[PDB]
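*Asks:* here is my input, please return the structure:
(chains A, B, C, D, E, F, G and H)
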Amino acid sequence: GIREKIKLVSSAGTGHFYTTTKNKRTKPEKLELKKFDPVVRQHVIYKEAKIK
Amino acid sequence: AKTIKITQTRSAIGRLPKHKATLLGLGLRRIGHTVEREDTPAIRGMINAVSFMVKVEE
Amino acid sequence: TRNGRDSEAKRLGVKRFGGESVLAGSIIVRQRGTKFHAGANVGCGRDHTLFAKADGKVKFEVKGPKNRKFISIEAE
RNA sequence: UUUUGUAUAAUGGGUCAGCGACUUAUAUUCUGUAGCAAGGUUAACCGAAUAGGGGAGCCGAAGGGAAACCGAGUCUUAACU
RNA sequence: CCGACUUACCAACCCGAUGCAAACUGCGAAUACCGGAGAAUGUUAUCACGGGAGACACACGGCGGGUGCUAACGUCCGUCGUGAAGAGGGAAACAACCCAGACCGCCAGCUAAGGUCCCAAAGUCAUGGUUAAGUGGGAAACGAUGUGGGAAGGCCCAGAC
RNA sequence: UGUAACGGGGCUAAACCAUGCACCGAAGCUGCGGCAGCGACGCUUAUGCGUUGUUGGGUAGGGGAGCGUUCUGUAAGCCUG
RNA sequence: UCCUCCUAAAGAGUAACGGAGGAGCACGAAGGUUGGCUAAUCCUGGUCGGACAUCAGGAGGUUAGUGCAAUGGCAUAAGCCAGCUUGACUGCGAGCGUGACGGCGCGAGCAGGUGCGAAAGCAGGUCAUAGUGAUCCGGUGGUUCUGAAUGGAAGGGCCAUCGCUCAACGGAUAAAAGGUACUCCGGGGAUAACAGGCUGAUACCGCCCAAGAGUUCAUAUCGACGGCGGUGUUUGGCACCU
RNA sequence: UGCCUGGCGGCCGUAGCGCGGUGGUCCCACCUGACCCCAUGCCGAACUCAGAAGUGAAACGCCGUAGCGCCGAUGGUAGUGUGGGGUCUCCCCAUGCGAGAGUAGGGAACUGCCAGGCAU
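*Replies:* Numbers count the residues shown, from 1 in each chain, chains lettered A, B, ... in the order given. The protein structure is shown below:
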């Protein structure tokens, strides 16, 4: 179970976040995707952050 | 109406559940009990189903 | 020994047989592969489950050049 | 009595007489019965007193939601066919 | 280097013929299961809600099997019957096998399984065969001019054994 | 331990096979009389009464209806030298 | 604890310290869409090149491949290649399947917004089935929902999520190994040791065929390779009696 | 209404291979050329565009042919539900259902809609 879990924080300034897993040894670069933000009701860019 | 007489000739103690249900469908209740039923394919099939223990006279 | 393990039964098989009136969305058969293929008014779910899309009576038939078993929902 | 199963060579009793085991208090649910009925009922207490007074309270006729809140509607959801 | 022939040797693929498989299927039942329609029968036998349970050690017999030695009144499942929780009659006796389900009384009748010489109720019943071992009234591989019935075959009054 | 592998006596059928007709045989079924439960049906229901089907083996257990015993009211009544 | 086949008796389900194998992961592409393609193996020819690299043609028709075990699928490909992308969306869900329950699983369609495609349409993860942990307590972010006189706040709620090889995997606690012949109590022949019972693998004693040993000659006496029984008789098997 | 060709089906081998023959007026296929539209992990082979000099050689369609594949009775066999029986590891009887394999045999598809070309 080397694949550890992370969270994708929205760029819209709202505190919303998705959650998923990634292999930090073979993909060191950050993750960026367009996901739906239900607070603003628009598809915004989500950026990878520390799960904490 | 072309009826026939069915008479139970053997006990239903050790018989199958389906056999007991067939006997109840025919209306037989004990050994020697005779009932009169219509001569239809359904009654004929029930008789043939439990033919070893009933006797039909026509 | 080393042969004591087994898995729980998945309760597969045909759940609604031919000529049975069903409501829309009801499962007809739970299968592993595509043993039966979806016909008219029947959809194929994520795990290859064939489900009715409209109310009617189930119809089994053999069709296609590969003699595949199709399930369709006859109009009612 | 216990058992799948006991004449069992499985348990108990020598015999007789007396005594010996689902009760009592307080709460809760269901059934029957009696009173009153969208109402029913009082507890401590007063009282020469199982009467009468006492409605402090409890249950019911409204519910939804975690809640503010709304209400024959309410919750989810930005909003529900 | 190429190679040379044949040698009671093994042998891929393919072709023909013949088997085996629970974890093989180009085939494939009977049953069982689900649904629809119809008639008859059954004291709603069916389902839902509420009050009270008990039970979660099962046993044998038939059929389909795993495991064991195709051992066990062995063990574990499916399904039915019986016992559990069920008396009566039969199998000598014998919860589980066969016949059959006890509301009570009768010094009445007919039958089931099983029987009919005596214990002990009922045929020393009728017709035609078989057995000579008390076989019936416990058992196998194998051995034998025991004996009854049937269809052929080889040698034979140019003489068979 | 004693015949001890028909239950026994005994049987050349009183064994076996095939056919047929009798009879015995159970708390099964039928007859007669009696008690009780549940459904149809009708009475003028004493709210249970004719007929009528049909049911009545039973452990754990569930439901219903009772007998009898001591004490209290009825009861300073009633029975009893 | 979970997954696949058989046992499993042609619907479902079904046990054993039954027969065989796997899982406690992986993937920002190995997911979505559009467009395109067809393997395994063998023969022939060809420089290093070889039984086997890459090339051309033929036979073959999925015996190949699927991220991994097995089963069921798959050519319209679910298998392989390329372009663009995040539907690995948020709130819901008619109606079913499977569970005693907790729960687990399939699902068209509605609303907003998105990707691919000209479009019809497809997309709520991966061909499907393993890849997992209830609750309590505590941590982080968002939201006046709540806030014990009032206004805040602390704490609590809701939404999103984290921390258990709690692996004895429905988890007794955050936290736990041994001896008793010094023993002791409540029970069970529900369960072992002795003996009895059923059976006879094992043990013992016979019998069937006869290659051979016996100078020649199977059967005077033995008898290989094999076969069929008897006794209850050793060690057992079962747990029916105590 | 007759033949041939093309497109979309019904059906999924009695419909599929193999062998021999045959077809170009139209249709279809190979064919000619590639600045352009578009394309090759190289290549106008595929995909794409602009066309008609040549050929039915390949492919494809049609016809014939039993060397295969395929379909397939009747009868018998195996299995089995119910009841009964035996010498009970396995069978038999009454009754109902009844295969698989194999045998005789069948078999070179049949059909619907539209369009084009040639004859009536």
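*Asks:* from here on, contacts and neighbour counts on C-alpha atoms
*Replies:* Will do.
*Asks:* which bits of chain B sit near RNA strand F?
*Replies:* Applying the criterion CA under 7 Å from any atom of the strand, the portion of chain B that neighbours RNA strand F consists of B:11, B:29-33.
*Asks:* ok, and does stretch C:49-65 reach over to RNA strand H?
*Replies:* Yes: for stretch C:49-65, a contact with RNA strand H is found by CA under 7 Å from any atom of the strand, at C:62-65.
*Asks:* residue C:69 bridge partners, please.
*Replies:* Residues found in beta-bridge contact with residue C:69 (criterion: DSSP bridges) are residue C:36, residue C:62.
*Asks:* format the residues of stretch C:49-65 next to RNA strand H as JSON lines; extra columns: neighbour count and distance to RNA strand D.
*Replies:* What follows is those, written out as JSON lines (neighbours: other CA atoms under 10 Å in any protein chain shown; distance: CA to the nearest atom of the strand, whole Å):
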{"residue": "C:62", "neighbour count": "13", "distance to RNA strand D": "35"}
{"residue": "C:63", "neighbour count": "13", "distance to RNA strand D": "35"}
{"residue": "C:64", "neighbour count": "8", "distance to RNA strand D": "36"}
{"residue": "C:65", "neighbour count": "6", "distance to RNA strand D": "39"}
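*Asks:* max pairwise distance over these: which two?
*Replies:* Every pair in the residues of stretch C:49-65 next to RNA strand H was compared (CA to CA); the two farthest apart turn out to be C:62 and C:65, at 9.7 Å.
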